[PDB]
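Since every read-out is calculated from the coordinates, none of them should be taken as a lab result. Here the Cβ positions follow ideal geometry from the backbone for every residue, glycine too, while neighbour counts run over all protein chains shown.
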Amino acid sequence: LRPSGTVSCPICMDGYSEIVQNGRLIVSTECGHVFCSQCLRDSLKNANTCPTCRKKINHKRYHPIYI
Amino acid sequence: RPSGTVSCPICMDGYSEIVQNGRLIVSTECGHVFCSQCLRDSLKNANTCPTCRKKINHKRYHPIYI
Ligand SMILES: [Zn+2]
Ligand SMILES: [Zn+2]
Ligand SMILES: [Zn+2]
Ligand SMILES: [Zn+2]
């Protein structure tokens, strides 16, 4: 069960209390999707995308300039 | 290499040599300038600015304190 209004990780399926009880943080992507710190971390070792919506959540900080 | 010269510190090509074969001039956010080809290469197996070593990979997630 995953009652609406509750904050849990869609990957490990832990609730808010379980996530914080062992030192993990609640995190959010810029695209608004919530995970525990540890599952999003593993996930991003091997992708630039949000587990939930697949939108890229990296930002190589460089860009063309047009002199 | 006088001030105002636009060139790549990696391949050593100047602004004309860069645009003539289809590369773009680029800049990291720390203000460092490369050709698009050399910078891109450097970032395949690394995530730092080839010039100053600052991390230039901004993964867009953060803690929320509830
Ligand atoms: Zn989790
Ligand atoms: Zn997302
Ligand atoms: Zn170059
Ligand atoms: Zn730099």
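Details
- Within region A:25-54, considering residues that are part of a loop (DSSP other than H, G, I, E, B) and touching a residue at least 12 places away in the same chain (Cβ under 8 Å), the one farthest from ligand 2 (Cβ to nearest atom): A:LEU25
- Yes/no for A:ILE65 being of a type in the set (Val, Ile, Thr), on the phi < 0 side of the Ramachandran plot and facing another protein chain (nearest Cβ under 7 Å): yes
- On inspection, B:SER36 qualifies as within 13 Å of chain A (Cβ to nearest Cβ), away from ligand 4 (no atom under 15 Å from the Cβ) and surrounded by 15 or more Cβ atoms within 10 Å (Cβ to Cβ).
- Residue ID - farthest from A:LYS45 (Cα to Cα), chosen from residues in region B:15-24 that are of a type outside the set (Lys, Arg) and not in a helix (DSSP H, G or I): B:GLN20
- Filtering region B:17-32 for residues that are touching a helix residue (DSSP H, G or I) at 6+ places or on another chain (Cβ under 9 Å), more than 16 Å from ligand 4 (Cβ to nearest atom) and at the interface with chain A (Cβ under 7 Å from one of its Cβ atoms) leaves a non-empty set.
- Checking each residue in region B:41-61 for being at the interface with another protein chain (Cβ under 9 Å from one of its Cβ atoms) and more than 16 Å from ligand 1 (Cβ to nearest atom) picks out B:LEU43, B:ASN47, B:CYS49, B:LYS54, B:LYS55, B:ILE56, B:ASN57, B:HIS58, B:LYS59, B:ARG60.
- Taken over region A:55-67, residues that are surrounded by 13 or more Cβ atoms within 10 Å (Cβ to Cβ) and either in contact (Cβ under 8 Å) with a residue 24 or more places away in the chain or outside any strand (DSSP E or B) (or both) amount to 5.
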